[PDB]
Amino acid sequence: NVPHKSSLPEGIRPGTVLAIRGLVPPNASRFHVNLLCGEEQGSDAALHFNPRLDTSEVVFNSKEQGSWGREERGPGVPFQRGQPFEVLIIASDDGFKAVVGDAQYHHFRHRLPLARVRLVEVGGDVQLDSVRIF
């Protein structure tokens, strides 16, 4: 499927909202939403949001100097193979609120400063209808 990759050249702020609408393919294994601090794929990640249909988990993490931080997991998997979805990733001063299906799903406290974010990447086993930054 077609990944999304777009620049946020001045960072993000409390009140930035990433709105993603799409479809999980019926044979999906995993997909990801990354907020990265650079234009490279090994650059630091303020947020790695990784729904894993194969292992029935949604993992949250950060990455700094090529090392992953402590994983967090959301409660259950609010995605389903074959089904459309709406995700909001909402930046506050304290962290990211992941909203799925118009219900608060998980709160991930920041590890990296919002001002360092430079790139949003959405890829893997996912079909995207829209990716918007508000």
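Each residue number is its position in the shown sequence, starting from 1.
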Task: Between the two ranges 124-132 and 1-9, the one averaging a larger CA B factor in the entry - done: 1-9
Task: Mean C-alpha B-factor comparison - 19-27 and 106-114, higher one - done: 19-27
- [ ] Report the option among 51, 69, 74, 101 whose CA atom has the maximum B-factor in the deposited record.
- [x] 101
Open item on the list: Quiz for you: based on the deposited Cα B-factor, which of 64, 57, 86, 39 is highest?
Closed with: 39
Task: Modelled-residue ranking by C-alpha temperature factor, third containing residue 92 - done: middle
